[PDB]
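Data block below; observations after.
Proteins get letters first, then strands, A, B, ... in listed order; numbering begins at 1 in each.
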There are 2 protein chains.
Amino acid sequence: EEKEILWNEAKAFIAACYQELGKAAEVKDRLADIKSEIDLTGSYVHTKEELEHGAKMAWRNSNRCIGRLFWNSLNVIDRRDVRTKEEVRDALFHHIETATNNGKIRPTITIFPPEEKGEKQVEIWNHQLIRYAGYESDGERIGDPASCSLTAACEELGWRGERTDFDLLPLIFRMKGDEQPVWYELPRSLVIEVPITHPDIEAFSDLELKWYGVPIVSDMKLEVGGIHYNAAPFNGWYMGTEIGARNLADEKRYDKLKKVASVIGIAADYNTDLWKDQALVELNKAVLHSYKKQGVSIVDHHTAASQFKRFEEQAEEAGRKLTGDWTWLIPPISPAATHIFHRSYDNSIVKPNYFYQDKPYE
Amino acid sequence: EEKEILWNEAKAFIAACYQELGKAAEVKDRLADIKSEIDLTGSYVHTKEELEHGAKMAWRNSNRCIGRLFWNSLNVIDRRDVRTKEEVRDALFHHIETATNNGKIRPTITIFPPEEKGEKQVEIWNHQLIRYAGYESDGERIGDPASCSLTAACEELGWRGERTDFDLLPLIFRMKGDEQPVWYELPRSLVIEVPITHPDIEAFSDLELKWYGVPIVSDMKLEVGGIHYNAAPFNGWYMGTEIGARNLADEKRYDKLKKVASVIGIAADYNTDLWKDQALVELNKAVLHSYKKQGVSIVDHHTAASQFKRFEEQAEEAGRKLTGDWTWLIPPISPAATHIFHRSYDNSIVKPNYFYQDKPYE
Ligand code: HEM
Ligand code: HEM
Ligand SMILES: Cc1cc(N)nc(-c2ccc(CNCCc3cccc(F)c3)cc2)c1
Ligand SMILES: Cc1cc(N)nc(-c2ccc(CNCCc3cccc(F)c3)cc2)c1
Ligand SMILES: C[C@H](O)[C@H](O)[C@H]1CNc2nc(N)[nH]c(=O)c2N1
Ligand SMILES: C[C@H](O)[C@H](O)[C@H]1CNc2nc(N)[nH]c(=O)c2N1
Ligand SMILES: [Cl-]
Ligand SMILES: [Cl-]
C-alpha cells in the first residue's frame with residue numbers, strides 16, 4: 001500500500017547517502033535488509049550514520065536557506081530513545097544549552113522518534129523553541145503579533161503571560177496518547193537575549209529593543225528516505241536582516257521604523273526622504289553591532305551571500321545540482337548588492353529536506 | 001500560412017479593445033472587414049483609435065513594470081506615415097522634446113511603420129534614445145559598460161566619442177533597403193541632464209555624478225493584435241532606484257558605492273558596518289533630491305509601490321486579471337517595506353505587450 005512509496009524513497013536515499021559516504025559497495029546488502037524489514041514491520045530504522053547524514057542532506061537541499069555552506073558540520077543529536085514528556089522537555093532544554101554554547105552558536109538538530117503509522121510520537125507546538133508571545137485584545141497590541149494564536153492556545157492550558165512586549169513562551173508539546181499538550185516555562189538562565197544598542201547613536205537604547213540569541217525552528221518536518229521526523233528542532237545563528245529588517249521592522253510584527261526614525265533624528269514625513277530605508281539601515285547596523293558586542297554569533301547579509309556563493313561553487317565542483325528559491329535567498333535590504341539578485345536558481349524540491357506541516361492549534 | 005495566427009490574435013485584440021472602448025456592437029462588422037483585408041493583402045491596418053488603445057493595453061500588460069497605474073493616459077504619437085530617415089530622425093527628436101516637456105515628463109510612445117512580411121521598415125539600434133557611451137580597452141574602463149557594444153558599433157560607422165564618462169550616444173537606426181544604419185548626433189538643447197547633489201552633504205558634488213532626465217526605451221517590440229511594431233520608442237519618468245541603486249551602483253555599471261561611502265564620511269572596510277547599504281541610501285536620497293530640485297519628474301520606490309497597489313485595486317474592480325513579475329516589481333532597496341514583497345503575482349504573458357527582440361549589432 002504505502003510500503004511502495006516508502007521503499008522507493010528508501011532506495012533513493014540509501015544509494016545517495018552511502019555513495020557520498022564512500023560506502024557504495026555496502027548499498028545492495030543494506031538495501032536488501034531494508035527491503036526485508038519493510039515487509040515484516042511496515043517500516044525501517046535508520047542507523048545513526050544514515051540519520052546524521054540525512055539531516056545534513058536535508059539542510060543542503062533547503063532551497064530557501066542562504067546559510068547552506070556549513071551543511072556538513074551540522075551537529076546531530078539522536079533522541080529517538082525518548083518515551084516520556086520529561087525526557088522530551090530535558091532534550092529540548094539541552095538543545096538550547098548546547099546550541100547556544102555561551103554565545104558561540106553551534107548549528108544543531110535534535111531528532112525525536114519519527115511518525116509510525118502517520119501517528120506522531122511527539123508533537124511540538126512551538127514555531128521556535130525560543131520566541132516571544134503576542135496579544136491582541138480590544139485595540140490593544142502587545143508583543144509579537146506572529147505569536148498571537150499560539151499564545152492564545154497556551155493561555156487555554158493554564159499558562160498566563162506577563163504581557164510585556166517580550167514574554168518568553170513556554171515549551172509546549174503533546175505526547176502520543178495524551179489528548180492535550182503540556183507546557184513548561186523556560187529557565188531564564190538558558191536563554192541568551194541581546195539588547196539592541198547603536199554604535200554611534202546613544203539614544204537608540206531609549207527604544208528598549210531586544211531579541212533572543214538563537215533561532216531554533218521546531219515546527220518543520222525532517223524527511224529522510226521515506227521516514228517522517230515531524231519533531232526535529234534545528235538551529236543556526238541569525239542573519240542580521242531577519243531581525244532588523246523583518247521581526248523588528250514589519251508592520252505586522254514589531255513595527256519599529258517610525259520610532260527608529262525618531263531616535264536617529266530624521267523626519268518620517270516624506271517618502272522622498274527615504275526615511276524608512278535609512279531607518280532600516282541604522283536598525284540593522286544596531287542589530288549586528290549588539291550581537292557582536294555581546295559575543296553572540298550572527299552574520300550580515302553580505303558575508304552570508306559570499307558564503308552562499310562558495311556553497312554554489314562547492315556544489316558545482318562536487319557535481320551536485322544546485323537548487324534555490326531566489327525570492328527567499330535575496331536579503332530584504334540591498335538585495336541588488338549581492339550576487340544572488342543577479343542570477344537565477346532552479347526551485348526544484350530534492351529530498352531529504354525540511355517541510356512545513358499543519359499546526360495543531362488554530 | 002501565417003494569416004492563421006494573424007487572424008486569431010486580431011480576433012482577440014479587437015473584441016477586447018472594442019469592449020473596453022464601449023463599442024462592442026461594432027466588433028462583428030469591424031472583424032468582418034479585417035478578416036477580408038487579411039485574405040487579399042496578407043495583413044490589416046489599425047485605426048488610430050485601435051492603435052492608441054493597443055499601446056495602452058500593452059503597457060497595462062507589462063508584468064515587470066511598477067508604473068502601470070497610469071497606463072490609460074499614455075500619449076500615443078502615430079508615425080506610421082514616415083518613409084525617410086530624415087522623418088525618422090525628426091520624429092525621434094520631437095519625441096524627446098515633447099516627452100521631456102521642460103522637466104514635467106509626459107509618458108509618450110511614438111509608433112513607426114510595423115513589420116510587413118516580417119521585414120522591418122525601420123530598425124532602431126539604440127537601447128534608449130538618450131544613453132551614455134561605454135568604452136573598455138586595455139584595462140581602461142570609461143563610461144557605461146552596458147553601452148560598450150553599441151558604442152563600438154557606432155565607432156565602426158564613423159562616429160567618435162569624446163571618452164568622458166557621460167558621452168551621449170548618437171541616434172542610430174537603419175531604414176528598410178539600406179545595408180547600414182545612419183547616425184545623428186543629439187542636439188544638447190533637447191537633452192535634460194541632472195547633476196547629482198545631496199541635500200545635507202556638500203561634498204557629494206565632488207563625485208561629479210549626473211544622469212539623463214528621461215528614460216526612453218527604443219529597442220522593444222510593441223505587439224498589438226498580430227501586428228508587430230518593432231520600432232516604437234516609449235518613455236515614462238524614472239523611479240529613483242533605477243538610477244541610485246543600479247545604474248550608478250552596480251559593479252558592472254558605474255560602480256560608485258565606494259566613492260559614495262568616502263564622500264559621506266564612512267569607512268568601507270567591514271561588511272558588518274553595512275557601508276554598502278548606507279551608501280545606497282544616501283546615493284538614492286541624492287538622486288531624488290536632485291531631480292526634484294531641478295524640476296524634473298521622478299518617483300521614489302515607496303510612492304511607486306503605493307501607486308501600483310492602486311493599479312491592483314483598479315484591475316480587480318474592473319474585473320481584469322492582474323499579472324506581474326514579482327522578481328522585477330520589488331525595488332532593489334528596502335523591498336520588504338513595500339506591499340509588493342508580501343504578495344505573489346501571476347507572471348502569465350497577456351497581449352498586447354512589449355517584447356525583447358534580437359539586437360542588430362553584436
Ligand atoms: C548557520 C546559520 C544559518 C543561517 C544564517 C541561516 C539563514 C537562513 C535564513 C535567513 C532563512 C530565511 C528565514 C525567513 O526569512 O523566514 C533560512 C531559512 C531556512 N533555513 Fe537556514 N540558516 C542557517 C542554518 C540552518 C540550519 C542549521 C538549518 C537546518 C538544519 C536550516 C534550514 C533552513 C530552512 C529549512 C529554512 C526555510 C524555512 C522556511 O521556509 O520557512 N538553516 N535560513
Ligand atoms: C511613468 C513612469 C514609469 C515608471 C516609474 C516605470 C517604472 C518601471 C521600472 C522601474 C521598470 C524596471 C526597469 C529595470 O529594472 O530595468 C519598468 C519596466 C518596464 N516598463 Fe515601466 N515605468 C513607467 C512607464 C512606462 C511606460 C510609459 C511604458 C510603456 C508604454 C512602460 C513599460 C515598461 C516595460 C515594457 C518594462 C519592462 C522592460 C524590461 O523587461 O526590460 N513603463 N518600468
Ligand atoms: C536554522 C535557522 C537559522 C536562521 N538564521 N533562521 C531560521 C529560520 C527563521 C525563520 C523561519 C520562518 N520562516 C517563515 C515561516 C512562515 C511561513 C509562512 C507564514 C508564516 F507566518 C511563517 C524559518 C527558519 C532557521
Ligand atoms: C518607460 C520606462 C520608464 C522607466 N522608469 N524605466 C524604463 C525602463 C528602464 C530600463 C529598462 C531596461 N531593463 C533591462 C533590459 C535588459 C534585460 C536583460 C539584459 C540587459 F542587459 C538589459 C527598461 C525600461 C522604462
Ligand atoms: C510573497 C513572497 O513570496 C513572500 O512574502 C516572501 C518573499 N521573500 C521572502 N524571503 C524571506 N527570506 N523570508 C520571507 O518571509 C519572504 N517572504
Ligand atoms: C536574475 C534576476 O531574475 C535578474 O537579474 C533581475 C532580478 N530583478 C530585477 N528587477 C528589476 N527591476 N530590474 C532588473 O534588472 C532585475 N534583475
Ligand atoms: Cl525569526
Ligand atoms: Cl535606465
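By the neighbour-count criterion of 12 heavy atoms within 6.0 Å, atom NZ of B:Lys259 is sparsely surrounded, having that number or fewer from other residues, nucleotides or ligands. Heavy atoms of other residues, nucleotides or ligands lying less than 6.0 angstrom from CG of B:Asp269 number more than 12. Within 6.0 Å of OH on B:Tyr361 lie more than 12 heavy atoms contributed by other residues, nucleotides or ligands. Within a 6.0 Å sphere centred on CD of A:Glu313, other residues, nucleotides and ligands contribute more than 12 heavy atoms. Environment of CZ in B:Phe355: crowded, with over 12 heavy atoms of neighbouring residues, nucleotides or ligands closer than 6.0 Å. The environment of CD in B:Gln357 is crowded: more than 12 heavy-atom neighbours from other residues, nucleotides or ligands sit within 6.0 Å.
Using a 4.5 Å cut-off between heavy atoms, A:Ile330 contacts chain B through its side chain alone, with no backbone atom that close. With a threshold of 4.5 angstrom between heavy atoms, B:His289 does not approach chain A through any atom at all. Looking at B:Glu282, the atoms closer than 4.5 Å to chain A (heavy atoms on both sides) all sit in the side chain, from C-beta outward. For B:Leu280, the part sitting under 4.5 Å from any heavy atom of chain A is the side chain, from C-beta outward, and nothing else.
Closest approach of A:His302 to B:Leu274, counting heavy atoms only: CD2-CD2, 4.1 Å. A:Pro335 and B:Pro332 make their closest contact through CD-O, 3.1 Å (heavy atoms, listed as atom of the first residue, atom of the second, distance). Minimum heavy-atom separation, A:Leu288 to B:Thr272: CD1-O, 3.7 Å.
Atom CD1 of B:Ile333 and atom NZ of A:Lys276 lie 12.5 Å apart (nearest 0.5 Å).
Chain B forms more heavy-atom pairs under 4.5 Å with one residue of A:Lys252, A:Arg246, A:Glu251, A:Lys292 than with any other, namely A:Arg246. The choice from B:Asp250, B:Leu257, B:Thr327 that makes the most heavy-atom pairs within less than 4.5 Å of chain A is B:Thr327.
For the pair A:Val299 and B:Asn271, the minimum side-chain heavy-atom distance is 4.5 Å or more.
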Evaluate the criterion side-chain contact (heavy atoms from CB on, under 4.5 Å) for residue pair A:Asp277 and B:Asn284; output intermediate values, then yes/no.
-> CA-CA 10 Å; A:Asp277 314 85; B:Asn284 276 277; over 6 Å; no
